[PDB]
Amino acid sequence: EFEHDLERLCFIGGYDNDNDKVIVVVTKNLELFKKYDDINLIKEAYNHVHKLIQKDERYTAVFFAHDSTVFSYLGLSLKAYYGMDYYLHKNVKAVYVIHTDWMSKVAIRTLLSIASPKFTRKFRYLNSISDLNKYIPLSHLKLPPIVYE
Amino acid sequence: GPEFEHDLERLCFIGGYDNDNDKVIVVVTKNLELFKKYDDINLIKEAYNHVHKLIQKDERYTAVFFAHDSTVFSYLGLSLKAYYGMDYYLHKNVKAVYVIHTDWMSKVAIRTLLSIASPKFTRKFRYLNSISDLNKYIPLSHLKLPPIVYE
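(A) View of the overall build of chain A. Of the regular secondary structure elements, chain A holds five helices and five strands. When the helices and strands of chain A are placed in sequence order, the string is β-β-α-β-α-α-β-α-α-β. The contacts of chain A with a sequence gap of at least 6 include a subset with a gap of at least 24, amounting to 68%.

(B) Layout of the interface of chain A and chain B. Across the contact, 60 residues belong to chain A and 61 residues belong to chain B. In terms of residues, the side of chain A that touches chain B owes the most to one element, helix α4 (residues 102-115) of chain A, which gives eleven residues. Each residue belonging to the side of chain A that touches chain B can be placed in one class, and the counts come to 36 nonpolar, 15 polar and nine charged. Two strands pair when backbone bridges link them, and strand β4 (residues 92-98) of chain A and strand β5 (residues 125-128) of chain B are joined in this way by four bridges, in the parallel orientation. Across the sheet, residue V95(A) finds its bridge partner in β5(B), namely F125(B).

(C) Examining the nonpolar core more closely. The biggest cluster of nonpolar side chains holds 47 residues, and the ones touching the most others in it are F123(A), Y61(B), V64(B), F65(B), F66(B), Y83(B) and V97(B). Sorting elements by how many residues they give to this core places strand β4 (residues 94-100) of chain B first, with six residues. Beyond its immediate sequence surroundings of up to four residues, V64(B) is in contact with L132(A), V24(B), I25(B), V26(B), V27(B), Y98(B) and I100(B). Of all hydrophobic cores here, the second largest spans 24 residues; its members include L52(A), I53(A), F63(A) and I108(A).

(D) Examining the pairing of β4(A) more closely. Residues and elements named next belong to chain A. Most of β4 is tucked away: six of the seven residues are buried. The sheet contact formed by strand β3 (residues 59-64) and β4 spans five bridges and is parallel. Among the inter-strand pairings, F63 is bridged to a residue of β4, identified as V97.

(E) The arrangement of the sheet that holds β3(A) in detail. Strand order across the open sheet formed by five strands is β1(A)-β2(A)-β3(A)-β4(A)-β5(B), with mixed pairing between neighbours. Edge positions in the open sheet fall to β1 (10-15) of chain A together with β5 of chain B, since each of these has one partner strand only. Shown here is a sheet whose adjacent strand axes are inclined to one another by a mean of 25°, direction ignored. On top of the sheet, α4(A) reaches β4 of chain A together with β5 of chain B; it is set at about 150° to β5(B), its chief contact.

(F) Geometry of the packing of aromatic side chains. Under the counting rule described, the total for this entry stands at 21 aromatic pairs over all chains. With a centroid separation of 5.0 Å and an interplanar angle of 85°, the aromatic rings of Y81(A) and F121(B) are classed as edge-to-face. On the criterion of chain membership, the pair formed by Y81(A) in helix α2 (residues 75-83) and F121(B) in helix α6 (residues 120-123) is interchain, its members lying in two chains. The same class applies to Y81(A) as to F121(B), namely buried. Plain terms: the ring middles of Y96(A) and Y137(B) are 5.6 Å apart, the flat faces sit at 45° to each other, and that makes the pair tilted. In this pair, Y96(A) is assigned in strand β4 and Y137(B) in the segment after β5, connecting two distinct chains. The exposure class assigned to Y96(A) is buried, which follows from its relative accessible area of 5%. We classify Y137(B) as partly exposed; its relative accessible area is 33%. Grouped by ring-pair contacts, the aromatic residues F119(A), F123(A), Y125(A), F65(B), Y83(B), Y84(B) and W104(B) constitute a single cluster. Sitting over the ring of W102(A), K45(B) keeps its end group 5.1 Å from the ring centre.

(G) Focus on a positive patch on the surface. Together, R58(A), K90(A), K120(B) and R123(B) make up a positively charged patch on the protein surface. Mapped onto the fold, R58(A) is located in the loop between α1 (43-50) and β3. By relative accessible area, which is 40% here, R58(A) ends up partly exposed.

(H) Spotlight on unusual backbone geometry. With an omega of 5°, the peptide bond between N19(B) and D20(B) qualifies as cis. Along the chain, the position of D20(B) falls in the loop between β1 (12-17) and β2 (23-28). For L141(A), which is not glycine, the phi torsion reads 70° and is therefore positive. With respect to the helices, strands and loops of the structure, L141(A) is situated in the segment after β5 (123-126). The exposure class of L141(A) is buried, given its relative accessible area of 9%. The backbone phi angle of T71(B) is positive, close to 90°, even though this residue is not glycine. Considering the arrangement of structural elements, one finds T71(B) in the loop between β3 (61-66) and α3 (76-84).

Parameters at a glance
- Residues numbered from 1 in each chain as written, not as in the entry; some residues may be left out.
- Chains lettered and ligands numbered in written order.
- Heavy atoms only, no water.
- Residues with missing side-chain atoms left out of burial classes, pairs and counts.
- Helix = DSSP H or I, 4+ residues; strand = E, 2+ residues; numbered from the N terminus.
- Contact = heavy atoms within 4.5 Å.
- Nonpolar A, V, L, I, M, F, W, Y, C, P; charged D, E, K, R; others polar.
- Pairing = 2+ DSSP bridges.
- Core = buried A, V, L, I, M, F, W, Y, C linked by side-chain atoms within 4.5 Å.
- Buried < 20%, exposed > 50% of the residue type's maximum accessible area, 1.4 Å probe, protein only.
- Axes fitted to C-alpha atoms, helices over the stretch in contact; angles between N-to-C directions.
- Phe/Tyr/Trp six-rings, centres within 6.5 Å; stacked < 30°, edge-to-face > 60°.
- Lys NZ or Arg CZ within 6 Å of the ring centre and 35° of its normal.
- Patch = residues over 30% accessible without salt bridge, like charges linked within 9 Å, V, L, I, M, F, W, Y side chains within 5 Å.
- Areas by Shrake-Rupley, 256 points an atom, 1.4 Å probe, with all protein chains shown as cover.
- Salt bridge = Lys/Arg side-chain N within 4 Å of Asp/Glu carboxyl O.
- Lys, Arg positive; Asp, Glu negative; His and termini not counted.
- Charge placed at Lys NZ, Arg CZ, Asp CG, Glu CD.

As far as function goes, none of this settles anything; it's purely spatial.
Okay, structure coming up:
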């Protein structure tokens, strides 16, 4: 019925080689639901996905952007995904976003870069170019004169 | 046109090498004024394109940001925000990111705190450009996939 449109938005597409679930979600198949009226759609989604993952069960999330932006179908899909209970966030092994537009791609990779700490450490802040010579020698390095003014 | 691609090379270029003779690329932060002279163009896009040309898919390298000036913006925060939104590989293959600014804490304070408050949940994420790039982590033979990704 109505329910015969959710299992065109959230499957267990398969299982990893560690024999734990993968959960596929297509961010584009919500316009199926602008035609019903009266449905809350997010509690019903929460109910749906709850029946797909046991509570102490590790899984994997895969989203299909595919002509959705952060202002529609992906912004709403994830923001939903953040309001879930904590165990869903603790049990994921990884979450994969696939094939969105440029704005969403640069916006996504930005927040992971903030999140991923192993990357934010290779930074080292120097007061002037004089101090860089310790790490990268200035005997290499052709530079414009502006870095010496 | 050509003056554009030349300004791009003046903004971000190859500085030199180290050991094991890996590229050390240099980005000058005072040098985004060269693009004010232009009208309609998506700078950040072609800047990503230019950096893609400068270093290939897997190549260890060091990055250096020159932000020692002052005034109404030094655009270190602007070039960093641009750097943070670049392809994941460009984040892994970095040896180090040296950043030449004196009062740098007055700039990276907001970012530092955003990293502090980022939950481990958002850390396990990863974007992939197309469906083919999944294969390494999860095998697709194991999965039934919708007609959207097919012909």
